[PDB]
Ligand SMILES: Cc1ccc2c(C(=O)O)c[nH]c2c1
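For reference, the chain that follows is the form solved without the named molecule, supplied as structure tokens.
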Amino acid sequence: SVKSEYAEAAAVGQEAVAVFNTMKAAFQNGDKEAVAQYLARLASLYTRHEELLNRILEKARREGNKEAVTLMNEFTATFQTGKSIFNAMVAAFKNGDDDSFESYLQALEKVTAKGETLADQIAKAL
């Protein structure tokens, strides 16, 4: 069902939460070799999450589930704000700019926490 597909998407989202918090700790500790690996793992995860979200949105559209489509349009747009901040973060790591890395990391956390009520609303609407 589209609902069970969203729960699978929700799990991938929580995996990225776990890998992110770990990567944050590594960054604070200066373990750049770990950070690089966690950033690669996160990029794969966000690619998977985005795709599951697009398939869910497309299915809700084909189903005519107007409320779920509205919420998923809002949620995917925000997802892309998270994705842009993540990519800037990756560039800051490449460039050795720890000040920008810290900034983007905090921003990504705040964009994510904000989008959490909407994430739960989607589960109920699908």
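Residue numbers run from 1 along the displayed sequence.
FYI, the form solved in complex with the named molecule isn't displayed, but the following is about it.
Trainee: From the list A92, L45, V35, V69, which entry has a heavy atom within 4.5 Å of the named molecule in the bound PDB entry?
Mentor: Result of the distance check: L45.
Trainee: So, in the bound PDB entry, is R41 in contact with the named molecule at a 4.5 angstroms heavy atom limit?
Mentor: Flag for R41 set to yes.
Trainee: Only counting heavy atoms and a 4.5 Å limit, does any residue of 1-27 reach the named molecule in the bound PDB entry, and if so which ones?
Mentor: Those in contact are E8, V12, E15.
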